[PDB]
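The sequence lines fix the lettering, A, B, ..., with proteins before strands; numbering per chain opens at 1.
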Protein chains: 2
Amino acid sequence: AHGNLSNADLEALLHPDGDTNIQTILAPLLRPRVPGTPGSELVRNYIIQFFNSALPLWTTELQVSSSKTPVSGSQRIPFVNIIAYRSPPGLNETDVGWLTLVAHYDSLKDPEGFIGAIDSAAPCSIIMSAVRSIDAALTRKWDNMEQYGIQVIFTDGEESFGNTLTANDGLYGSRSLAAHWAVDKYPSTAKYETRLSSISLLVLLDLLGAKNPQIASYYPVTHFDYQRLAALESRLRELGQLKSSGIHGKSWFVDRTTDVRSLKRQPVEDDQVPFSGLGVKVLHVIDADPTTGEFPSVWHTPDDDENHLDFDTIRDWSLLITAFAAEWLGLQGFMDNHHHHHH
Amino acid sequence: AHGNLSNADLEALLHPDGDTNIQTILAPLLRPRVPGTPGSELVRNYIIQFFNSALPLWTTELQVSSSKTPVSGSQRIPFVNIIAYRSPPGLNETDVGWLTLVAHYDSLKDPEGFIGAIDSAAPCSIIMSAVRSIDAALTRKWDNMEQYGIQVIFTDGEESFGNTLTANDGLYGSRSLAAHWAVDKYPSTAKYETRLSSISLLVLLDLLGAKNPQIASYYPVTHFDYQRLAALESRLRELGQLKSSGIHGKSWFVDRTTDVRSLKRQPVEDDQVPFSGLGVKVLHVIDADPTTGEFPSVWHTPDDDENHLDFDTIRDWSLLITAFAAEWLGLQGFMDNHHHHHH
Ligand SMILES: [Zn+2]
Ligand SMILES: [Zn+2]
């Protein structure tokens, strides 16, 4: 489901805490975080603690598996997906449809020390920042009260390990989660049948934080959601709320005028593929040239670091995803973050 | 794994029983077979009985689920996948990798009476005919004796039911099977980890039986298998063993010279998608214009019936898939079907 945001709603998107900004949320992610390593545990527990302190009404959960990789020999490498969710009160969680926002928090193993600032530390911080901004509005609109909640998934083991293309290499966390949630059966009485079927919309963020991204629409079934996202971007650009673009900047959403039945782009293999293959509606927000399909220039090089991040672009992304989630959840009229007893 | 077929091996592909031909195997399939209907049970039990009588060394199994559809209201429609397999003797089945050949045996529900002769009755008969031809050779080569078996899957509920594009509509049987086999854990001691992981190669046949098919390569990870299939076709055409093409006929395999890293085609959503999303190597043999992506003209019309089937093309397909399976299983030198004590 979804609502419609007034221009006023769009001018009240930022969260009231100016001291906790995206650079602040991003910084502890910008470290090597290969699966199974100490850096993975440090980043994972940073994310969990962020939700536990700043978003205490959310429930956090981990989904754990292990798998051999092309470089692990006989040893199983563990993959730990991080799930956080918040549902409306006095609703059976098994009756809730979830807007589900996703990014991978693991980092590539080769070269040693690889940071992956756009891949996907910055996507992770965009999600974290955005759900922080909408949590206050969700509390307001649920205090006034429909059967939809909000969910984030930070996936482990997205990145492949082997030198050569191998079908079961990569997407370790997303394959395990989809596979497990597809067999997590609800009661017969519940509105939804499985934990997987309760995903109303899966939005996967990947390779964001570079300047001038190009975002194609890859799934007809979510092209309308794509067009809603592009509209919010356009409106924000007009109202001048975008820092990385002037009022006449080019739109990132190259397929925005394309007809759903005219969409002819090959999907990019990534974490949405296991979910999409089992029938989940997925929207894949990934920066990639729409024609060739080639990723940003820093992709999988040492230059994918903090110094090459565009923080104005990252702030625009956070605002855009906040606006998209607020529209989808129908938070129109509940975005005011002015503080009472303060002039 | 795989072997190499001599020109002699290619001249001995047909099965010794001339009275059981593809028209014979195909005919009982060419009837309405909507999931949950009496026609579905009649076709399903025809297939099971075919394996049980003509291929008695194979084990047959059914995977059963049920699901609501856009047109079933509150009622669950059952979906019954048919599995048959044969593994080398004195091998733990849990240590076997499977060449897995697939087609859907359900038929479209609208319009009433739809036959789907290419979609996919003829694919089903191609598989049935081919594994019949290679079963005798498998017995010969296993009597002489490596860790690979042969498997067929006739999927139910491929076809979608709703008027409008819907993510969880369609692929009912393939989603359930992949989902269940992905959680079917073998013993720790077994060479393979799950029933899904034991699939070495999944070859999906769809929309075959029309003249002059065009078959693109859709998955880099199986492009070499694709090129092996195209080679066998070319060699067969040269040796004049192909009935639908002269020695200078055009090849069906349009991507045969294309470099694996130059493959830029959007996959066709179909039964291989759930498996591919969970890491199975899939080769998708489907007739479709390589550019537009549009299916044969009879697709989903009443003209997709027996009268529009090209039986020479169907016989060529059966020979080609027999040759491909025999190469993959390394049956070179074991294809002679001459009969002892007969001049
Ligand atoms: Zn990467
Ligand atoms: Zn069809």
List the steps and the verdict of side chain to side chain contact (heavy atoms under 4.5 Å, CB included) for A:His15 and A:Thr20.
-> CA-CA 9 Å; A:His15 180 274; A:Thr20 319; over 6 Å; no
Rounded to the nearest 0.5 Å, how far does NE2 of B:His223 lie from CG of B:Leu263?
-> 4.5 Å
Give a yes or no answer on whether the side chain of A:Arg265 reaches the backbone of A:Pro290 with a donor-acceptor pair at less than 3.5 Å.
-> yes
Aromatic rings B:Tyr218 and B:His284: how do their planes relate, parallel, tilted or perpendicular, breaks at 30° and 60°?
-> tilted
Close side-chain approach of A:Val131 to A:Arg86, heavy-atom, < 4.5 Å | no
Ring-face cation contact, A:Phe224 with A:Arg228, 6.0 Å cut, 45° max = yes
Any luck finding a side-chain donor-acceptor pair between A:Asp316 and A:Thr313 under 3.5 Å?
-> no
With side chain to side chain contact (heavy atoms under 4.5 Å, CB included) as the test, would you mind laying out the steps for A:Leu10 and A:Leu232 before giving the verdict?
-> CA-CA 9 Å; A:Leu10 293 188; A:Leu232 287 166; 4.2 Å; yes
Stepwise side chain to side chain contact (heavy atoms under 4.5 Å, CB included) test for A:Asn4 and A:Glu327 | CA-CA 6 Å; A:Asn4 183 52; A:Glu327 199 150 80; 3.6 Å; yes
Give the C-alpha distance, both sets of side-chain angles, the deciding distance and a yes or no for side chain to side chain contact (heavy atoms under 4.5 Å, CB included) between A:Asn7 and A:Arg235.
-> CA-CA 8 Å; A:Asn7 284 0; A:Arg235 298 177 55 188; 2.7 Å; yes
Take the angle between the ring planes of A:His339 and A:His342 and call it parallel below 30°, perpendicular above 60°, tilted in between.
-> perpendicular
Value rounded to 0.5 Å, distance of CZ in A:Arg175 from OG1 in A:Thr155 = 12.5 Å
Is any side-chain heavy atom of A:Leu205 closer than 4.5 Å to a side-chain heavy atom of A:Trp317?
-> no
Taking atom CG of A:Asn163 as the centre, does the number of heavy atoms from other residues, nucleotides or ligands within less than 6.0 Å exceed 12?
-> no
If you take all heavy atoms of A:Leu278 and B:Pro274, which pair is closest and at what distance?
-> CD2-CB, 4.1 Å
Any donor-acceptor pair under 3.5 Å from A:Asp9 side chain to A:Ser6 backbone = yes
Validation row: A:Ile82, A:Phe51 side chains within 4.5 angstrom (heavy atoms) | no
Nearest heavy-atom contact between A:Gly149 and A:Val96 is N-CG1, 3.2 Å
Side chains of A:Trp299 and A:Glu294: closer than 4.5 Å at any heavy-atom pair?
-> no
How are the rings of A:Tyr172 and A:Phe161 set to each other: parallel, tilted or perpendicular (split at 30° and 60°)?
-> tilted
With a 3.5 Å cut-off and no angle check, do the side chains of A:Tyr186 and A:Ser198 form a donor-acceptor pair?
-> yes
Do A:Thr322 and A:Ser318 have side chains that get closer than 4.5 Å, going by heavy atoms?
-> yes
Output yes when a side-chain donor or acceptor of A:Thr69 lies under 3.5 Å from a complementary backbone atom of A:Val71, and no otherwise.
-> yes
For residues 118-128 of chain A, which side-chain N or O atoms pair as donor and acceptor with protein atoms under 3.5 Å away, sequence neighbours left out?
unit_1   : atom_1 : unit_2   : atom_2 : d
A:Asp119 : OD1    : A:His104 : NE2    : 2.6
A:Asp119 : OD2    : A:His300 : NE2    : 3.3
A:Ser120 : OG     : A:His104 : NE2    : 3.2
A:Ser120 : OG     : A:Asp206 : OD1    : 2.7
A:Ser125 : OG     : A:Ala122 : O      : 2.8

To the nearest 0.5 Å, what is the distance between OG1 (A:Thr100) and CD (A:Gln272)?
-> 14.0 Å
One should read off an interatomic distance between A:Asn21 CG and A:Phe311 CZ, to the nearest 0.5 angstrom, of 9.0 Å
Distance-only, no hydrogens or angles: does the A:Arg33 side chain make a donor-acceptor pair with backbone N or O of A:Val43 under 3.5 Å?
-> no
Could you tell me which non-hydrogen atom of A:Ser251 sits nearest to which non-hydrogen atom of A:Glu233, and how far apart they are?
-> OG-OE1, 2.8 Å
Side-chain heavy-atom pair A:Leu29, A:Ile47 within 4.5 angstrom cut-off | yes
What distance do A:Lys211 atom NZ and A:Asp310 atom CG have between them, rounded to the nearest 0.5 Å?
-> 6.0 Å
Could you pull out the closest heavy-atom pair between A:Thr258 and A:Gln227, with the gap in Å?
-> O-NE2, 3.8 Å
Could you label the plane-to-plane angle of the A:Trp181 and A:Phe275 rings as parallel, tilted or perpendicular, counting under 30° as parallel and over 60° as perpendicular?
-> perpendicular
Give, for atom CG of A:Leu309 and atom CG of A:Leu208, the distance between the pair rounded to the nearest 0.5 Å.
-> 10.5 Å
Please check if the distance between the ring centroids of A:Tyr105 and A:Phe154 is under 6.0 Å.
-> no
Backbone N/O of A:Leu329 and side chain of A:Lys141: donor-acceptor pair under 3.5 Å = yes
Any side-chain heavy atom of A:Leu171 within less than 4.5 Å of one from A:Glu158?
-> yes
Short question: side chain of A:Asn92, backbone of A:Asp95 - any donor-acceptor pair under 3.5 Å?
-> no
Do A:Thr301 and A:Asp304 have side-chain atoms, one donor and one acceptor, less than 3.5 Å apart?
-> no
Smallest separation among heavy atoms of A:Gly157 and A:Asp106, with atom names | N-CG, 3.2 Å
Donor-acceptor contact below 3.5 Å, side chain A:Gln214 vs main chain A:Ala288 | no
Exam field: side chain B:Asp169 to backbone B:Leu165, donor-acceptor pair closer than 3.5 Å = no
So do A:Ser276 and A:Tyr219 actually touch side chain to side chain, heavy atoms under 4.5 Å?
-> yes
Can you name the nearest heavy-atom pair linking A:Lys191 to A:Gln147, along with the distance?
-> NZ-OE1, 2.6 Å
May I have the step-by-step check of salt bridge (charged side-chain N to carboxylate O under 4.0 Å, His left out) for A:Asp312 and A:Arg315, ending in yes or no?
-> CA-CA 5 Å; A:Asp312 276 351; A:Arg315 290 186 255 264; 3.5 Å; yes
Distance-only, no hydrogens or angles: does the A:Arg140 side chain make a donor-acceptor pair with backbone N or O of A:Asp336 under 3.5 Å?
-> yes
Do A:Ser200 side-chain atoms and A:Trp98 backbone N/O form a donor-acceptor pair below 3.5 Å?
-> yes
